[PDB]
Structure formats: structure tokens, C-alpha cells
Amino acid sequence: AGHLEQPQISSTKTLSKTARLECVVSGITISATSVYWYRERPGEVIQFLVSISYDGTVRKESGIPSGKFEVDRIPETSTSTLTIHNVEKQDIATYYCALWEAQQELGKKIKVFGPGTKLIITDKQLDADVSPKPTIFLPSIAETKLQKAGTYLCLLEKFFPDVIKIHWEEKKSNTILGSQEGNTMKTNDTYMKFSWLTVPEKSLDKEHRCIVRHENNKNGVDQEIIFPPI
């Protein structure tokens, strides 16, 4: 029923700095079972990193060096935070948080994972606007006489981390649909990506939104791109 959220699509940090990746659980009762943290190094397999129980003890995988990682779990604000000190290149990987969700009885448990956060480590600080720049594309008149449908297309370019997420929604009734996108393309140390959606005869009158989740959107929040009706 519940699920884990990891808002940070990615966290970019420069060497020696310290990263803090969050996990907010919702719909699942925190106090009882422990919050786990998995690390997926590039090329490697997903592996256990650390975990914090309900009592407060914390176990780390075999080999994890001293004073590198830290975990906590504020139950009031239903969130756990993995802290990575003196970040370095070998820390580049995708970090996942997960926990065991009870179902009905004992002997019926499922391990739920968060979407993951990608830790990106660069050499120098970036000084320029890197937020994805949007571009609206309304269907071609002609198409509306095809399957009497319409196909929207939002183009996002000049964004940096490259780790991006695009999905669509009905303006009012905001429930994810079923669109398609092309591969993210590099364009001189910056990237672009596009997503398109073909709305059926019915929905032509409604309004639609292209929602972009990116580490560097303005204000640090999802970018909501408004697509006129018609």
C-alpha cells in the first residue's frame, strides 16, 4: 500500500564534500521495521550498504570503512537520511532505500524500494544555469483528423546532470498516463531529451502537463510545463 520516495533524482557534489540523500516513507509504518540503504556502483550489482533499526542500532555491510557513512530516522517527518562524508569518485553510484512492508500475516512480507538517487561527483563547481529549458509542441492540425487524436511533445535541453525524469498528467485529475520518450542526448557538456504523448479523441478538450524532475530545476522543485487544450 505504502511506498518510499527519494525526491533527489541525483545529487551532484564536488570532491571532499559531504552528501545527504533522503528517503521519505509514506503509507508504511516506520516504527517497527528498519530502513535499509543499498548502493549500486557503476558496473557493479546492487549491494547492502547500511541500515538503521527501530531501536536505533545501525549495521553496515562488511568492509565499509570507518566514519564514512551515517544513517538516521526521524519518524515524526517519516524520513531517513544517508550521509556520505568526504565524498569521492568511488562514491559515484545509485543509492536506494528500502524496507520490509507487512502485508496480511507473518510469513507474507515484501521488500519495497525507493526509486534511487544518483550521486554525481564532479571536479569543479558549476557556474551557469543548468535547469532544463522547455519547449512546447502542439499537435499538427492534420493529425487531429487521423485517429482524431493529438500528439504533444515537450523538448528539454541545456540541462546538466543528465539524470532526468519526464512524465505527463491531466491538468486537474493528476494521474500519470502512458507516454514515450527518446534517449537523453549529450550536447557539448549539457544534455537534451524529449517526451511526447498522443491524447485520444476524448481528452482533446482537457489541459495537460509535462512534469520535469531534475536536480537543477529552478527552486529545486519539479518543473510543471503547461500544455494548452485544443
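In case it trips you up, residue 1 is the first one in the sequence shown, and so on.
Relative to its counterpart among 102-110 and 148-156, 102-110 has the higher mean temperature factor, C-alpha atoms as listed in the PDB entry. Stretches 48-56 and 28-36 differ in mean C-alpha B factor, with the higher average recorded for 28-36. Comparing the listed residues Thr175, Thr184, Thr198, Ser195, the entry records the largest Cα B-factor for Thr175. Highest CA B-factor among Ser140, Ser80, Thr94, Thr135, as stated in the entry: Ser140. Ranked by C-alpha B-factor against the other modelled residues of its chain, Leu204 falls in the highest third. The entry lists a Cα temperature factor for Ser11 that places it in the lowest third of the chain's modelled residues. When all modelled residues of the chain are sorted by CA temperature factor, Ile74 is found within the lowest third.
In the deposited entry, the Cα temperature factor of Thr117 places it in the lowest third of its chain's modelled residues. Ranked by C-alpha B-factor against the other modelled residues of its chain, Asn188 falls in the highest third.
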